[PDB]
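Asker: To start, I am sharing the structure in question, which I have written as structure tokens.
Counting neighbours? That spans all protein chains shown, and the Cβs are built from the backbone with ideal geometry, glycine included. Throughout, read-outs are computed from the coordinates displayed, never taken from laboratory work.
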Amino acid sequence: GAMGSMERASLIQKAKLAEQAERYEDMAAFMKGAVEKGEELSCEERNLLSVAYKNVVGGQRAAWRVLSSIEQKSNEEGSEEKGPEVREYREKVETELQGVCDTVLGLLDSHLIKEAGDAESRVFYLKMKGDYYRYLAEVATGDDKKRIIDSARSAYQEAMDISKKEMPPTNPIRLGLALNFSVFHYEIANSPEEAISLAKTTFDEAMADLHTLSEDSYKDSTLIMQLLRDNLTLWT
Amino acid sequence: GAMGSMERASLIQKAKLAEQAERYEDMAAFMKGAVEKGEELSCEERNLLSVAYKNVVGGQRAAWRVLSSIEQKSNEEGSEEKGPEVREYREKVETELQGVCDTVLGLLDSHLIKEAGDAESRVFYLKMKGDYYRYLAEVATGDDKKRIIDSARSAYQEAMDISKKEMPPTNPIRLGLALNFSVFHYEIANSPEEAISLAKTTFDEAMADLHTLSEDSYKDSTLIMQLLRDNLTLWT
Amino acid sequence: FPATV
Amino acid sequence: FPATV
Ligand SMILES: *CC(=O)NCC1CCN(C(=O)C2(Oc3ccc(Cl)cc3)CC2)CC1
Ligand SMILES: *CC(=O)NCC1CCN(C(=O)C2(Oc3ccc(Cl)cc3)CC2)CC1
Ligand SMILES: [Mg+2]
Ligand SMILES: [Mg+2]
Ligand SMILES: [Mg+2]
Ligand SMILES: [Mg+2]
Ligand SMILES: [Mg+2]
Ligand SMILES: [Mg+2]
């Protein structure tokens, strides 16, 4: 790997610089290098990893959606034939997106998840696994679409099971996991009722535990609670 | 080149798709492929080329400025030594920026400028040449800084000379050239008086010719006139 | 699109 | 920074 010659600490330093510069591809490459050193990641370092790849794949997903919409419109009655270019370019973006997802999944499988024993780390990585399978599912249309969806579900479910046993209902990782799994149900699994039930139960159980929190923990938890409420408002 | 096997028309089609998707690196790569077909560019195609590279280099310049500021702060009294990483990463971004500038300059030199005989095309390309030498100047600190600055000046000057002979004072290319050459004077050549004089004279001569224009041409010219006024307000 | 983190 | 086009 191109980062093999750089010190772990220097990769982490540079990932932080890249974030400040809004250079998210660089940020992700630095963090991939850091993971490949083989040591476990701290909380802060896990956050750097997630932010980097979230921003890279988020841009790819937005571009894919633009291109997919143009492609769909081209396939409507009365649309003039414009050749293979729209499909080709959507495919190009799609392949690059899949590549990023496969990279992240690969880091999780080799060997972040297996080394993660604390609930906070293990849930964080399993949530990521669910998220990147969900991104693969968004673009999947073939023989494997069901298996990709099931991979996302399985990762999310393991993360939910651990989170419910090991973390308080206000824990931001638990909350963010539930938020995203709820979106999986609504957008990927064709299960809007499950999505709504999860979001509501998660919100309500968090509400009941806010009294235990410091001001700073309260801020963190309530931020994600508001995202749950925002989705519920969208869906009801 | 990786675009050598793609039809010119398909490259142009895909550049437009990439713009819609805000995929400016792809857009630039498509347009580079299109230029390398060897045919002259239409007005619309020149605009695609410029938009693509403006957006790519603009992002690099913004990142470079963030990193340069962090580096400068590190070199102040009382700043803790943090090692070579800030300089290294600023250098990385800088080298990539220089590469993009050299690519654009290369397209202009091989062979866009030499084939451009109409004033609108020739001025457009010479303005680009000035602009990308200006970007090189922004980051230059060595033996060649003066020659880089002079290259920008020379390109801008040739474009100004043609524009004044061949184009009306409201022509948007003429206006945009003057806007940018004025910024060159202020920011690169340490000539704020020349910058202000150019912006003022350009604005006033345009104002006097607006009466000749259709509504749509008026909109185009007045947009750039407002940028001139905005700079004048900043500088006075 | 719905919110995720 | 000043405006350019
Ligand atoms: C190591 C660790 O505790 N990481 C999770 C925290 C990162 C910062 N947080 C947030 O920005 C908010 O919640 C998030 C963000 C991302 C995820 Cl994956 C989950 C929750 C409040 C937005 C708190 C958790
Ligand atoms: C072929 C040609 O005439 N190109 C220049 C036009 C592009 C669209 N225009 C604009 O968007 C505005 O002026 C610009 C933009 C870029 C440049 Cl390099 C110069 C002027 C009004 C913003 C009009 C000129
Ligand atoms: Mg070491
Ligand atoms: Mg495909
Ligand atoms: Mg359940
Ligand atoms: Mg051909
Ligand atoms: Mg250098
Ligand atoms: Mg003069």
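Asker: Compute for the stretch B:8-235: radius of gyration divided by Kirkwood radius, i.e. Rg/Rh, restricted to C-alpha atoms, rounded to two decimals.
Answerer: 1.00
Asker: Hey, got a sec? Which trypsin sites (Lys or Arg not before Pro) in the stretch B:76-173 land in a DSSP loop and have at most 13 other Cβ atoms within 10 Å?
Answerer: B:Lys82
Asker: So, one more: To the nearest 20 debye, what charge dipole does the protein assembly as shown have about its Cα centre, counting +1 at the Cβ of each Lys and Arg and -1 at the Cβ of each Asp and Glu?
Answerer: Dipole magnitude for the protein assembly as shown comes out near 20 debye.
Asker: OK, next. In debye, nearest 20, what is the charge dipole magnitude of chain A about its Cα centre with +1 on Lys and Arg Cβ and -1 on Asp and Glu Cβ, if you could check?
Answerer: 160 debye
Asker: Right, next: State which helices in chain B qualify, where a helix is a whole DSSP H run, it must extend 20 Å or more along its own axis by its Cα atoms, and its mean Kyte-Doolittle hydropathy must be at least -1.0.
Answerer: B:43-74, B:85-107, B:119-139, B:192-207, B:215-235
Asker: Name the nearest-to-axis residue of chain B, judged by Cβ distance to the rotation axis taking chain B onto chain A, and quote that distance in whole Å.
Answerer: B:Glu25, 5
Asker: Okay, moving on. Once the label point is placed 7 Å from Cα along Cβ, list for A:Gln20 the distances to the corresponding points in the other copies, in nm, shortest first.
Answerer: Label-point distances to the other copies, shortest first: 3.9 nm.
Asker: Can you compute the FRET efficiency between B:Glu80 and B:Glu40 using 1/(1 + (r/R0)^6), with r the Cβ-Cβ distance and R0 = 45 Å? Round to the nearest 0.05.
Answerer: 0.20
Asker: Measuring nothing but label to label, 7 Å from Cα along Cα→Cβ, what are A:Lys165's distances to the other copies in nm, shortest first?
Answerer: The projected label point of A:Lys165 is separated from its counterparts by 8.3 nm.
Asker: What is the distance in Å between the Cα centres of the stretch A:48-68 and the stretch B:30-94?
Answerer: One Cα centre to the other: 21 Å.
Asker: While we're looking at this one, here's another question. So what does the Cα-only Debye profile of the protein assembly as shown read at q = 0.08 Å⁻¹, as log10 I(q)/I(0), no solvent term?
Answerer: After summing over all Cα pairs, the log10 values are -0.65.
Asker: Still on this model: The stretch A:66-113: which GluC sites (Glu not before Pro) are DSSP loop and have at most 11 other beta-carbon atoms within 10 angstrom?
Answerer: Passing both the DSSP loop test and the Cβ count: A:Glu76, A:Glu77, A:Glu80, A:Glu81.
Asker: State, to one decimal in nm and shortest first, how far the label point of B:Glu76 sits from each corresponding label point in the other identical copies (label point: 7 angstrom along Cα-to-Cβ).
Answerer: 5.6
Asker: On to the next question. To one decimal place, what Kirkwood hydrodynamic radius in Å is obtained for the stretch B:72-200 from all pairs of distinct Cα atoms?
Answerer: It is 16.2 Å.
Asker: Do the alpha carbons of any pairs in B:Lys92/B:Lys219; A:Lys32/A:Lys165; A:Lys16/A:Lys92; A:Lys73/A:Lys200; A:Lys14/B:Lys200 sit beyond 32 Å of each other, and which pairs?
Answerer: B:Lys92/B:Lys219; A:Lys73/A:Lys200; A:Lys14/B:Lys200
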